[PDB]
């Protein structure tokens, strides 16, 4: 109330400093968490791509905007801001010549190549709502998101390299799009010939030549939807988490600068795929809005070997490195010897996102990777918060391995006890947020009631996480207290694993849970009510083909 005026005025001041406005706003904050009618910067006009491209020209026109490294180490690309601006303007005009209009949903099924950032930004320039589907998702998983989003246009690619092997991405898109009325825009990511159906599918490198390189950015309302991310929950199939335009970009860009403090001459490398929220906020939108060079890597941390990340960090002089504890633990399982070939002297800051980091992995990250010279910002947040919420600062003394420390400014977390009351001082319980914040997800696509029932309780936002808070006010995130899983860094739901199992003809009922696993964090344990080991393999095969390899059950227990 009075607190809300303080938060309103704080965020209003951040919005006017952080991003360019086509038109200023008239009401900073409106609505709240009791009703779930939160509105930020109502009356304002802006465009996300203008903040990430146009406004950096021409002073940073020749600064590298995106460094790209291929799974094959000999494959490298850079795009300056001027180059990236023209690529986005062209793909905007290509989408409009394909009938994509403001407020249409556009599907994106791309690997970590520059065209993934261009596709997102091009949707943002024209007011389309992109829905990025993780390119490691199977055809069935892609297909279910295309039906749920009702998108008429899908941006995808022929193939890409992961580890040694080629991933047939276009075949999976075709399988997913069979009985749907989808126009495909296809990026040629191979030197190998590919044959398209000319009626409904188009080559990007051809259509780019049919359109102008200038495209006026849409003047977007702050509450226009920017994108949908299909996200696993504790009940049911993944739901479409809707983020809007104004508050999302304000807090994504502000927290990127507040936590990582990159200067115009530095290289920032977050390893998250664009298919997850971390890829949205801290690979594409946050860094490019701040005018900071961001790095996109196509492959995996262990190919050709467990030294790959540091060879990339030395090759491009990465200064800030932001990755997941699953990757940290697997590289330290590989052995400290893989740290001996590199220098890593360009690094000044390490980051951790996506799951708790245990002290053994924090110390290995700090002493060995960072050589003792880098703070570790352990950032807690979620898809539904849109941006970092609780995090150490680089400026802070380096202490408490495994603690996310204090909320960022303008954010009020709290703990609730088993009877629903707010815990004062030191304790533990349910992690919640007390007041609205600019980058909060605004609804579930189609079912705002399911959004309110799932996230809003007695005027608070319910994270679904447990936490401790010590005598200093520092937070310690213990993990999901609901049924949501964290498996090798991926947020997963039991419902999609259960239905993928039961759709097998021999399976009648299934029950999936998570058990502790040292390398994966959680391993997927499935109870299956059908009887051999041959069937365990085909039932693990069923889950990989329905969802992804990441969701494959690690133990199948027949009941």
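Positions refer to the first chain, counted from 1.
Participant: Would you class the number of unmodelled deposited residues between residue 530 and residue 531 as none, 1 to 3, 4 to 9, or 10 or more?
Facilitator: Gap between residue 530 and residue 531: 4 to 9 residues without coordinates.
Participant: What stretch has the higher average Cα B-factor here, 267 to 275 or 301 to 309?
Facilitator: The stretch with the larger average C-alpha B-factor is 301 to 309.
Participant: Look over 217 to 225 and 74 to 82 in the entry and identify the one with the greater average Cα temperature factor.
Facilitator: Taking the mean C-alpha B-factor of 217 to 225 and of 74 to 82, the larger value falls to 74 to 82.
Participant: Taking the Cα B-factors listed in the entry, which of 465, 378, 422, 474 comes out highest?
Facilitator: Largest recorded C-alpha B-factor: 422.
Participant: Return the residue from 439, 144, 209, 352 that has the highest Cα B-factor in the entry.
Facilitator: Answer, based on the entry's C-alpha B-factors: 209.
Participant: In terms of the CA temperature factor given in the entry, to which third of its chain does residue 101 belong: lowest, middle or highest?
Facilitator: Its C-alpha B-factor, which the entry lists for residue 101, ranks in the middle third among residues of this chain.
Participant: Give the position of residue 446 by CA B-factor within its chain, expressed as the lowest, middle or highest third.
Facilitator: Its C-alpha B-factor, which the entry lists for residue 446, ranks in the middle third among residues of this chain.
Participant: Taking the C-alpha B-factors as the PDB entry records them, is residue 135 in the lowest, middle or highest third of its chain?
Facilitator: Bottom third by C-alpha B-factor.
Participant: State the tercile, meaning the lowest, middle or highest third, of residue 200 with respect to the CA B-factors recorded for its chain.
Facilitator: Ranked within chain, residue 200 CA B lands in the highest tercile.
Participant: Would you mind checking where the Cα B-factor of residue 280 ranks among the modelled residues of its chain, as the lowest, middle or highest third?
Facilitator: Within its chain, residue 280 is a lowest-third residue by C-alpha B-factor, going by the deposited values.
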